[PDB]
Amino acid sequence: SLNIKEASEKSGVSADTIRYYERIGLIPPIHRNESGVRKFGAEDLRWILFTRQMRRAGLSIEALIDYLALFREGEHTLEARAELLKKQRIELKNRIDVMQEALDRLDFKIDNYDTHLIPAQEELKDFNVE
């Protein structure tokens, strides 16, 4: 198993972020060895990586906290977990759709520079009139 410094280097998540994840219930409680120190197993690293990934994708701490809490309650929460993730999925896909509309807008503007504005050496206003 890994100590926290090793877990940080492996996950690309800072040691203090890992401490925070555990304290507020984003990742399961971590084993403490005889000397009082955290020792991280494979499933701990998987929770760390999942948290890092979902947070960077915009899922809130509060949803992720709820999901781990249901997970720790065991099999009687399977249906509530599938539902929670399905709600997060729709929200995420909506965020993706928003971002893609902006990328499409940027692509249109860039095509306009490449195809029209730069060859004419004209601003869009200029060019539109002609």
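So that there is no doubt, residue numbering starts at 1 and follows the sequence shown.
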query	finding
Selected stretch [higher average CA B-factor]: 121 to 129 or 2 to 10	121 to 129
Entry-reported Cα temperature factor of residue 43, expressed as the chain third it lands in	middle
Ranked against its chain, the third holding the CA B-factor of residue 77	lowest
Chain-relative CA temperature factor third for residue 53	lowest
B-factor third for the C-alpha atom of residue 70 within its chain	lowest
Chain-wide C-alpha B factor ranking for residue 99, given as lowest, middle or highest third	middle
